[PDB]
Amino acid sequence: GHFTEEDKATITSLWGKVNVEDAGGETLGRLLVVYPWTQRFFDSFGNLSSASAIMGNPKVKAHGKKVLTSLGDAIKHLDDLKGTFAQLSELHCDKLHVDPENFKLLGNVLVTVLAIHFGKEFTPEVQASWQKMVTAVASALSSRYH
């Protein structure tokens, strides 16, 4: 994989306008709603029986913040996401046995959330940069399976 300098600039610049305290819960909650089978990885998170329960669940919001904060840190290591995600790959793959295909689904949900928060600013070219970003994150997190 390879990020162009324009990919870097776009990822870094859009991410600087993202409010992680909102986006985190919105992204994980949306994943749990839209692709419900992913809820089986979060039985300890309490009520996930309805969309309103999921989007208002305080554990979902707290954990989505963690997710996006790790992504925010990863954006400072665009040219070595594999090394940067190595310990999270061991966690998700050797420990939790998360299906690699779900890392792609979360990427799709993040892209949706960015489209919602930025509207027209999320141009085709910007979406392409971020589609490359979430695909590279999925590849880096599933590395222990590969």
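Counting begins at 1, following the sequence as shown.
Once the C-alpha B-factors are averaged per stretch, 59-67 and 82-90 rank with 82-90 first. If you average the C-alpha B-factors over 42-50 and over 103-111, the higher value belongs to 42-50. Placement of the Cα temperature factor of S142 within the chain: middle third of the modelled residues, per the deposited record.
Among all modelled residues in its chain, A23 ranks in the highest third by Cα B-factor. Sort the chain's modelled residues by C-alpha temperature factor and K120 lands in the middle third, per the entry. The deposited CA B-factor of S13 belongs to the highest third of values across its chain.
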